[PDB]
Amino acid sequence: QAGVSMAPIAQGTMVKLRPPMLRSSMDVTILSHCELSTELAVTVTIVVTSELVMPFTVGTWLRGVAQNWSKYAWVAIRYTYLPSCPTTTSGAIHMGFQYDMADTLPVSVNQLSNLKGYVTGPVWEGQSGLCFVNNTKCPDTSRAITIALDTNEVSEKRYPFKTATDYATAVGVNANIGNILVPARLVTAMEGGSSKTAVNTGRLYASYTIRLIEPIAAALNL
Amino acid sequence: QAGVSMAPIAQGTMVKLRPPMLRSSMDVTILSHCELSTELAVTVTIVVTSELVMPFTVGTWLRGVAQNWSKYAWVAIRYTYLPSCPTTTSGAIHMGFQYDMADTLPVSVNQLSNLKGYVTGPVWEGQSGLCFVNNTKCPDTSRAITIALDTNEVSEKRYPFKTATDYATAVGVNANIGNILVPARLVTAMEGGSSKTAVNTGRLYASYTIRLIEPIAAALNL
Amino acid sequence: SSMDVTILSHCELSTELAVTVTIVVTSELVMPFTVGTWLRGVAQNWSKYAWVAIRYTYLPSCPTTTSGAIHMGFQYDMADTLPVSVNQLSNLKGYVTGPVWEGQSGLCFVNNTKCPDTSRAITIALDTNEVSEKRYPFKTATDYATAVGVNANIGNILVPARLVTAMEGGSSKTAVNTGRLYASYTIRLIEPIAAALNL
Amino acid sequence: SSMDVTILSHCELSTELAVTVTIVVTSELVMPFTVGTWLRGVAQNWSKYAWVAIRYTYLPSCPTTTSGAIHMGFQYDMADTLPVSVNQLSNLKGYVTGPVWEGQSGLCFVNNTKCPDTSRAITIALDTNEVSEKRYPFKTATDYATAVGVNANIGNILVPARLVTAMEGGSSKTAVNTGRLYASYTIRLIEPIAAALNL
Amino acid sequence: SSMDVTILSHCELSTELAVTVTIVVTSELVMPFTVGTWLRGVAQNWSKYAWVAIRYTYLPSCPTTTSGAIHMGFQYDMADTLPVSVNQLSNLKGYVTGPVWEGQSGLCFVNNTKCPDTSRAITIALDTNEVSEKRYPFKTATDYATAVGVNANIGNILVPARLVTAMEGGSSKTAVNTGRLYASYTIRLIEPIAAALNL
Ligand SMILES: [Ca+2]
Ligand SMILES: [Ca+2]
Ligand SMILES: [Ca+2]
Ligand SMILES: [Ca+2]
Ligand SMILES: [Ca+2]
Numbered sequence: 058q059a060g061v062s063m064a065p066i067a068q069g070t071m072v073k074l075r076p077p078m079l080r081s082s083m084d085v086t087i088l089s090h091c092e093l094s095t096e097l098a099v100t101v102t103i104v105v106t107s108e109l110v111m112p113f114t115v116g117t118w119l120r121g122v123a124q125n126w127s128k129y130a131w132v133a134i135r136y137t138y139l140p141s142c143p144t145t146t147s148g149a150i151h152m153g154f155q156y157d158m159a160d161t162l163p164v165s166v167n168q169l170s171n172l173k174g175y176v177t178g179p180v181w182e183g184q185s186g187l188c189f190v191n192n193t194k195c196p197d198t199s200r201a202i203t204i205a206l207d208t209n210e211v212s213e214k215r216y217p218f219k220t221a222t223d224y225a226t227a228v229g230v231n232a233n234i235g236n237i238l239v240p241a242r243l244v245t246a247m248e249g250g251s252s253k254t255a256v257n258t259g260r261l262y263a264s265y266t267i268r269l270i271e272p273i274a275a276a277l278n279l
Numbered sequence: 058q059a060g061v062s063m064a065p066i067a068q069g070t071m072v073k074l075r076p077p078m079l080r081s082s083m084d085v086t087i088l089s090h091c092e093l094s095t096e097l098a099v100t101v102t103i104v105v106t107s108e109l110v111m112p113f114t115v116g117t118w119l120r121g122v123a124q125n126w127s128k129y130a131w132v133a134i135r136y137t138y139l140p141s142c143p144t145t146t147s148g149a150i151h152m153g154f155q156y157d158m159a160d161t162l163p164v165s166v167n168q169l170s171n172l173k174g175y176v177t178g179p180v181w182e183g184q185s186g187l188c189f190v191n192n193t194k195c196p197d198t199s200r201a202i203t204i205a206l207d208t209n210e211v212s213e214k215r216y217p218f219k220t221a222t223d224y225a226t227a228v229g230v231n232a233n234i235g236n237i238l239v240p241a242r243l244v245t246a247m248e249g250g251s252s253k254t255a256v257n258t259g260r261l262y263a264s265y266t267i268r269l270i271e272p273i274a275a276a277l278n279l
Numbered sequence: 081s082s083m084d085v086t087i088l089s090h091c092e093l094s095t096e097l098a099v100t101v102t103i104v105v106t107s108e109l110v111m112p113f114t115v116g117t118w119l120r121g122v123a124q125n126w127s128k129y130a131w132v133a134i135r136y137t138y139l140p141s142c143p144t145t146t147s148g149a150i151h152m153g154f155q156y157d158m159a160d161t162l163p164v165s166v167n168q169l170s171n172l173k174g175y176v177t178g179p180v181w182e183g184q185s186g187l188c189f190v191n192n193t194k195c196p197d198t199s200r201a202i203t204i205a206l207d208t209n210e211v212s213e214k215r216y217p218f219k220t221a222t223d224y225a226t227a228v229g230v231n232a233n234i235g236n237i238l239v240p241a242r243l244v245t246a247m248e249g250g251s252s253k254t255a256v257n258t259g260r261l262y263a264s265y266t267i268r269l270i271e272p273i274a275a276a277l278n279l
Numbered sequence: 081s082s083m084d085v086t087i088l089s090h091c092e093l094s095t096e097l098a099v100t101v102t103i104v105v106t107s108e109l110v111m112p113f114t115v116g117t118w119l120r121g122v123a124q125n126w127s128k129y130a131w132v133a134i135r136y137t138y139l140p141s142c143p144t145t146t147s148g149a150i151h152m153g154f155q156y157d158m159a160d161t162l163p164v165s166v167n168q169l170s171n172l173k174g175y176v177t178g179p180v181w182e183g184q185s186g187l188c189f190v191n192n193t194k195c196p197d198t199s200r201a202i203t204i205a206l207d208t209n210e211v212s213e214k215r216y217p218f219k220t221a222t223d224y225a226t227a228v229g230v231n232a233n234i235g236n237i238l239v240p241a242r243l244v245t246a247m248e249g250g251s252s253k254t255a256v257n258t259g260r261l262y263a264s265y266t267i268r269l270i271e272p273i274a275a276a277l278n279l
Numbered sequence: 081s082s083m084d085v086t087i088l089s090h091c092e093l094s095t096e097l098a099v100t101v102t103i104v105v106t107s108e109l110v111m112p113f114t115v116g117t118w119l120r121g122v123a124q125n126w127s128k129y130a131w132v133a134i135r136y137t138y139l140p141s142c143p144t145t146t147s148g149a150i151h152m153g154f155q156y157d158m159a160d161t162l163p164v165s166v167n168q169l170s171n172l173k174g175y176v177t178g179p180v181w182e183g184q185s186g187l188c189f190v191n192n193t194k195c196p197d198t199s200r201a202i203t204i205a206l207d208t209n210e211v212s213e214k215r216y217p218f219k220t221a222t223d224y225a226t227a228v229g230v231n232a233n234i235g236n237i238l239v240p241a242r243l244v245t246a247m248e249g250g251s252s253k254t255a256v257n258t259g260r261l262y263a264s265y266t267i268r269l270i271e272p273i274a275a276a277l278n279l
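From first to last, the protein sequence lines are chains B, V, E, Z and Y.
Mapped onto UniProt numbering, the consecutive letters of the first sequence carry residue numbers 58 to 279.
Mapped onto UniProt numbering, the consecutive letters of the second sequence carry residue numbers 58 to 279.
Mapped onto UniProt numbering, the consecutive letters of the third sequence carry residue numbers 81 to 279.
Mapped onto UniProt numbering, the consecutive letters of the fourth sequence carry residue numbers 81 to 279.
Mapped onto UniProt numbering, the consecutive letters of the fifth sequence carry residue numbers 81 to 279.
Structural data, given as structure tokens:
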């Protein structure tokens, strides 16, 4: 049994998220969770969207808690994708990382393909990743559509917690004031398409482990 | 050596707060901390102030974190006081608990004295309590000015997290809609005085242990 | 010290204070320019630097009847907002309070003894691990200021942390002097420059 | 080491110099873009990097009869002022100088020869240990430029250091070509990006 | 070592020289104040010190075609006379000399490079062992000056030694800039004082 596939018509995956895990050592607090991040859809043409890997931006929950603390450090951050359409849908996905907040985004798949977590897959694929979201014991991720921060090669040792707006304002002065506020931005591409009008494909989840560190009341944190 | 006191001129106490402690079991999260709650000052005359023992109201930090979760349960809540003036300052302090949000506050010390944590002391006293704030190993609290919830005799098994404003609005409809939103309110009295104009005395700290329970993003919690 | 690096330790009054009827909240950057005057005049002839250790301590100087308190704590992202209240301040990294007349058990830190009793030293020391930058440039108050004025986020690379001191307490609407705050540091002086040329 | 990490070592021409009657002070940013046009074209393909080593050497091209001297020192606060006098410059970090005709004992750093004489060699290597940032991003002059002009303190985020070179000598108030500056580096390249997209 | 004791090492420009037709003899006190303007600004912050090491090196700035020679020797009785002739000067303590164009093999002391050639290098290091006084106080020129003029024997209390430099060479009876003298020291600073108060 080798070199023999069986093309399904649909990949089913049932996500049942696990409760957040929080645990405090003396001054550091460690949080590990996973929330859903974005929903994706394909078009006849390329489409590059992008995301800040900062805690406010990563999760709806995250932001609300992580905000009670002055500066964090990522320990792990994973973007993993999961399909919703049948294996008949046309179009693939691509993601990779970028780091100088002043760099323009790629416009070509060609381009996109040399970034740090370059990963790509037909839009109907992705169910291998499931354990990462569920966080189960992974089977064989050979084929998953995951991307993970290169946590150890970030520029700052720690980063302050920033609110979107504070960020923005800053960035607006000079885009690379930004280069402190965030360690990296994730880049997404949806090409391959069939409809000129968007077809919804999959959705992707974030899974992190962050160090929290110098308590502040939320109201004062920007 | 018995029945012999030595009147100091001032009670010194150095508070050095301990880092918050958070620890998650599966769905419940447990938080234990202590923050400063109020500052007190005396006057020639009685003065009854009062406080809601709900998480938003208890601490500046608390509120910001506790807000990421749907409903909590108190496990412990302590109000402990500490002096700042010399043992020459006139006026004592009193605190006790109240529970039907519709009940009018006491106006007499007499009155005040039959409430659930009735505790009182000259305004210059209080340094016995220190361990509770520092949380050290307590020496002899015989004479401390502390008050603690009667956690096991609260009305609801769990309470939803309420924002001040949401509370208020509710209360405004009918004061005892309130009776769900909060398990009890602390009552403070400052009499004894000397100046007609307020003299600052001590300050009091809150020390809690709360159960957190059915995660919600902050933005949606009211 | 190496032939490249200089290590310097010292003590100094970083600042003097009083208390009033009401609250007053100050803040002082934990930058060698602002920590004391000597550090200033010395550090000044070095381009970069690194805090090996830094600590603020208080020493009472008023009567046992002066009524009041001191509260110190640390902030680390200059975009953040100085606590309004003491309340907010009791939640910062390093919170500490004490009656304005207590604190002389701390004298050993200005001294260098081995405070057996650190139990009642009103002191505060920086979490140098958790600092964001490996090293820091020597900024002058001015330059710093002007810089911030553009977009506070920039202060984040100009400095490790800001100390917040609250002085609530009082009897007079008239400030009454209570104490003094001294600094104890072990700076890591780093790549010479001629004073005059530094900002 | 070669994974996702790329290491490469090279040696090229950073720039050429000439002397006048008076003193002229220049500065070079020490970033991959501005160090040489080669590295520049190679490094653009990666998002951020860190200097494992870099160093400037000067090689004479004159007769023994020219009149001048080169000087150089590193500076690290994109915000401080350039020296304005030999003396000032004299206490920068790699202070090094000599007559515009001396220097040959430097091929070696260029050359990549093991040569037990540094005897004299107008060479200055960076103190690649005491850089502010763990790593630095690839910044393209024009951007740098732009940013630095918002506030001359942002650059501090973007570059580990700046070389100062002063040409003082003077025979003629005309400009005399005296030699060249060569950079010798070992850089560690790291998050590949399409070249075209790197500001 | 860094307690209450501070050690630091630096290297800077002590002074510049030029040659005439005739012989000119100068002298430099070798005290922190007068050694350089950097040390000077750093040392003022401390009450007394002792030289662990100090040394002057000369670096050419001319063409190979200048005409002169520098000479130098240390002297230790603020009361004896300056030499008046090469010969005399010839038997001072670091006697060293060469043509104003030689010397490059000295960057090294400046440079802080290990270089197996002192082959020739117009360098003179102090015999930091045979100083009269255990330590010396920080004296500020104008004071020194003043005192020495009471009796030229008080200075002997205030400074460990004096450098003598003679510029003899002569092409022109006009003054020709030939190079500079650089000091390289390792000083041990000791009883901190407000700068402003140190005479
Ligand atoms: Ca912040
Ligand atoms: Ca609610
Ligand atoms: Ca500077
Ligand atoms: Ca770039
Ligand atoms: Ca003196």
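Virtual Cβ for every residue (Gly too), placed ideally from N, Cα, C.
Chain B within 8 Å of residue i, Cβ atoms only
i, result
"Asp223(Z)", "yes"
"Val230(E)", "yes"
"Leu172(E)", "yes"
"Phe154(E)", "yes"
Nearest residue (CA-CA) to residue i, options the options
i, options, result
"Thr208(Y)", "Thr198(Y), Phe154(Y) and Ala255(Y)", "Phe154(Y)"
"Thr266(B)", "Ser81(B), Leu88(B) and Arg120(B)", "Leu88(B)"
"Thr70(V)", "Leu172(V), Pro140(V), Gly148(V) and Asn167(V)", "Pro140(V)"
Alpha-carbon to alpha-carbon, residue j and residue i
i, j, result
"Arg260(Z)", "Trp181(B)", "60 Å"
"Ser199(V)", "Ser185(E)", "27 Å"
"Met78(V)", "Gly116(V)", "15 Å"
"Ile134(Z)", "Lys128(E)", "19 Å"
"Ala130(E)", "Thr220(B)", "29 Å"
"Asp157(V)", "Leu97(B)", "52 Å"
"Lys73(V)", "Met111(Y)", "49 Å"
Interface flag, residue i vs chain Z, CB-CB below 8 Å
i, result
"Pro272(E)", "yes"
"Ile267(E)", "no"
"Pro217(E)", "yes"
"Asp157(E)", "no"
Under 8 Å between C-beta atoms of residue i and residue j
i, j, result
"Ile237(Z)", "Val228(Z)", "no"
"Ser264(E)", "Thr137(E)", "yes"
"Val122(B)", "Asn231(E)", "no"
"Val99(B)", "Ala255(B)", "yes"
"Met152(Y)", "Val176(Y)", "yes"
Cutoff 8 Å: residue i Cβ touching any chain E Cβ
i, result
"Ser127(Y)", "no"
"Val104(V)", "no"
"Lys194(V)", "no"
"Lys214(B)", "yes"
"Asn209(B)", "no"
By C-beta, the residues closer than 5 Å to any heavy atom of ligand 6, given in chain order: Ligand 6 is absent from the structure shown, which contains only ligand 1, ligand 2, ligand 3, ligand 4 and ligand 5.
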